[PDB]
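One chain is shown next in structure tokens, namely the form deposited in one PDB entry.
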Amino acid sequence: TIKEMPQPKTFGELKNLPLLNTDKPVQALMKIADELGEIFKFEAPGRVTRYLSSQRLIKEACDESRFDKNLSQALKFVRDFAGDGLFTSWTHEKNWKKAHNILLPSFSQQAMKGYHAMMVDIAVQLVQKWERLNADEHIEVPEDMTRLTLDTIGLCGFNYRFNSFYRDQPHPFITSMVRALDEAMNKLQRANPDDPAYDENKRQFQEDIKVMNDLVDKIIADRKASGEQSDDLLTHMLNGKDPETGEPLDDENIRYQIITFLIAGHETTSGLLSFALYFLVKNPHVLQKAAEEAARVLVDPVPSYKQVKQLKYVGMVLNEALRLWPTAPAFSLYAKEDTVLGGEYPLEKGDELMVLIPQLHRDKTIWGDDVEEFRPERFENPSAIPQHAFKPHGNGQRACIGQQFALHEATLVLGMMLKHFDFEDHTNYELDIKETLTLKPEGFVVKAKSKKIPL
């Protein structure tokens, strides 16, 4: 029962590459999936991949005995500054499992309890900023959630204060990081990337990587000269020992991990909080239920670790926001051996797949007809959700190491947000999703009305 898989429109020798010549390539790929179905072939000069959109097929793709993590072209470009850090290393490179073993303890329960106070530090700065707005001023939502999430990973992970709420413009790190991600995304469709027409792109890229590495240098220098005993993510990078190889990370890999965790440790969480607030103001009944939980649980001026763990409906709000708009919207796999997908699509060892997460999460055979609705109650019982239907944090041993960090931060922050403010979608905002490999609302603004509850 070997099927012929569909393929979107081609452009001669450029094959499908020009379909990526858009500012919104993930959303263009979702529209193609809408048209072609659960699997389609996508070719570029010298490369083939297959985009999967159905839980039927993706549940097989998530079999780690058959498929391993692949570096997509996007991750190969990001590797230019993230190196063999955890996000952009191959599973078989020695530094992947070594850094995984050394850094996994930085995301244990005990580690999260130790991060909690500094998460509150930044969260209180956010609440205070909004309490201090004048009447009819508004909140620039993705901008403020980036301030919050960047500052949280800086402080909790590295004892470094980006002081984003003291800035009306983005921290230089953010400016260069966004420009580097923009460049990597635009480079995806460049048929001749070495054409001198991109000399300036290349120079700018190098400049943005330097800016990013200069901050890394400062973070490292401050820690090794410090007279305060820390026990954070950076402590583990500098001192942790891999039980298997027995070795600590070397200096070159440490710098890659710092870059990796500064970027991965905030960008996707700012997208999540932005989408979550968007869906909450667009679904006032859901907002009310979540606000009622926040009021009942957050009975102290400062939330505790234990209280955040009881914000269970807020947790489902965030999972439902990750369902509709997972902020790292795809991951890539390669076949470890010859194998057949879904009884219909034979693959050879080395063949590549892309998992198109926002389309997987719209599989009507899993979620039902109401798939576009924002209904956090879908997550009331994980046992009622089929295997591999919900993959916003990737798969298997290569799943997101920071998942608990992200969800604790986002649960804490959204809980305080709902405890302290009413929110108004005063412009009737039309969702506009900006792509920088990752996904985030653009131009999303709201008004907040203080409940005047002291901190």
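Note that residue numbering follows the sequence shown and begins at 1.
Separately, the form solved in complex with a partner chain exists; it is not shown, and the next lines address it.
> Can you say which of 353-361, 102-110, 324-332, 268-276 gets within 4.5 Å of the partner chain in the deposited complex, counting heavy atoms only?
Selected range: 102-110.
> Are any of the heavy atoms in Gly396 no more than 4.5 Å from a heavy atom of the partner chain in the deposited complex?
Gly396: contacts the partner chain in the deposited complex.
> Please tell me whether any heavy atom belonging to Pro243 falls inside 4.5 Å of a heavy atom of the partner chain, as the geometry stands in the deposited complex.
Close contact exists here: in the deposited complex, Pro243 approaches the partner chain to within 4.5 Å, heavy atoms only.
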